[PDB]
Amino acid sequence: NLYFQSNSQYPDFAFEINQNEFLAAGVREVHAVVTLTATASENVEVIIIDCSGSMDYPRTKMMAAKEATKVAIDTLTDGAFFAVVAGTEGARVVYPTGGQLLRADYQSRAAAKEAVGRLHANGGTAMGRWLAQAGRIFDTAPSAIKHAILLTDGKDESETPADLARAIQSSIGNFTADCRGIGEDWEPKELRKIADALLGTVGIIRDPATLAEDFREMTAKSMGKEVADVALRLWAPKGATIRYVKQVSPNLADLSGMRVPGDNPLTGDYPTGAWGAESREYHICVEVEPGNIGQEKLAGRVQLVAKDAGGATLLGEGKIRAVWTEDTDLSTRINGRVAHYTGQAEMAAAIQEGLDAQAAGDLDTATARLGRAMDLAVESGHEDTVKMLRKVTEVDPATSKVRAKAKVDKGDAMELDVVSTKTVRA
Ligand code: NA
């Protein structure tokens, strides 16, 4: 009963803890997978469109961006606030035009589409300035569910990486963002930096004709959100420390560096953003001072807490336990979910590292890393990732062993890098 509300209609959350709590004599590491499933106030959606000069080459990119933005505008819920930002070396708000958010209705939608129609390709790319302009818009709606769609076809060449980092840090906690890169001339690492910090994902659009449906689905999912700002609140006893907190499903995102200190050092908050009707899994590892054989400790207490307008609401809670035993039939048991997601994190890293080696012609390193990734993808039944790995590798006819290809299609490599963090469920 520790939290008071300011008023609500939040999703109902089912909270499960998945662990083998039994540890052998010396053991300090406790692992658990937390499954969170949400079942059934204002939305603000900012659509940020790259209008740099390269967007006309080929012209299908700019045309798709316009088509797709119009689909997004039509997919907004009646009453949702929205804006469109044209990104170049600067950022210009192209709708609305009076410096105040307007609700989506027949009139505002039509006016927004007309403004989108007048977008043209010219200039450079400074993504941080796009984020900073979105942030100014979002600051006008502090209690809203706030989400940005960012589309680019290029690298962030008109500002420094420290400039981008400064804009990312200023955006954290203000809005969430999903990013899309169209074509092959942008940098997965750049968009990943933005999307990971802002609790979203990156996607690649290899064919401009698919952008509209992609925008439709991103907007619809955003409109499904029902609660704006949810923290995963983790308590661990004195001397116990958090090794890591990672989202592992549907995507891998390490939250460890995002910890926000709570009221005391024993409690910290890890941001999860907005929730609709959805499910996520997290992998938590706590290092604890080992107890005696026979002794049980609480290694961690996990709460999910919605923060809203000067109040908070406890949405769910679970416990991460630690019991020391000499019964090896209990301690040697492998928690299937922990093992699975440990492998998914390893796989994602192996893909990225393998692709980076391959790009440089460091082929023996690529073969070892992409080989490990393949082994994990096969073992976990991640058939989509197996299929993408087959595009960047080949079976050496002599050894029958898998090797990294010397020459790969740039798009195939980029696509795999982008979806390296998409996991398969347990
Ligand atoms: Na560009």
Side-chain angles (χ1 to χ4, degrees), residues 46-73 83-95 112 115-135 137 148-168 171 175 177-198 200-215 218 355-356 359 409-419:
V46 173
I47 302 157
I48 306 167
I49 300 299
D50 187 332
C51 291
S52 65
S54 59
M55 289 287 287
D56 264 357
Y57 297 95
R59 184 178 55 203
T60 57
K61 292 186 297 187
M62 184 62 83
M63 291 298 276
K66 292 176 170 183
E67 162 192 33
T69 301
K70 291 176 190 171
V71 167
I73 288 162
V84 181
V85 173
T88 58
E89 72 279 9
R92 176 168 57 100
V93 181
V94 299
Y95 191 87
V116 169
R118 297 194 295 274
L119 301 167
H120 74 294
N122 194 239
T125 303
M127 293 182 205
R129 302 209 181 109
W130 313 351
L131 296 175
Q133 183 64 71
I137 295 161
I149 292 167
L150 184 153
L151 175 73
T152 186
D153 77 339
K155 301 180 176 79
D156 195 29
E157 259 165 45
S158 304
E159 67 186 0
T160 72
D163 294 332
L164 176 58
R166 191 165 36 73
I168 295 171
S171 303
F175 54 100
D178 288 275
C179 300
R180 298 298 183 260
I182 188 166
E184 297 186 2
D185 295 330
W186 56 281
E187 174 51 64
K189 289 165 51 167
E190 285 182 344
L191 291 200
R192 190 181 298 120
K193 203 161 38 171
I194 298 170
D196 284 353
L198 301 178
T201 70
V202 184
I204 185 166
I205 304 292
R206 297 182 69 174
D207 179 353
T210 73
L211 192 63
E213 290 309 308
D214 190 282
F215 270 39
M218 276 185 291
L355 290 174
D356 289 336
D409 180 277
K410 190 187 178 187
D412 293 352
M414 286 178 61
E415 180 173 27
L416 177 51
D417 187 11
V418 170
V419 309

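For ligands, and for the atoms within them, numbers begin at 1 and follow the listed sequence. Note that the numbering runs from 1 along the sequence shown for the chain.
Atom CZ of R206 sits in a crowded spot, with more than 12 heavy atoms from other residues, nucleotides or ligands closer than 6.0 Å.
Between the side chain of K61 and the backbone N or O of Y57 there is at least one donor-acceptor pair closer than 3.5 Å. In terms of modelled atom types and a separation under 3.5 Å, the side chain of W130 and the main chain of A86 share no donor-acceptor contact. In terms of modelled atom types and a separation under 3.5 Å, the side chain of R118 and the main chain of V94 share no donor-acceptor contact.
Side chains of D156 and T125: a donor-acceptor N/O pair is absent below 3.5 angstrom, by distance only. For the residue pair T210 and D207, no side-chain donor N or O sits within less than 3.5 Å of a side-chain acceptor on the partner.
Within the sub-3.0 Å shell of the Na ion (ligand 1), the protein contributes these N/O/S atoms: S52 OG, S54 OG, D153 OD1.
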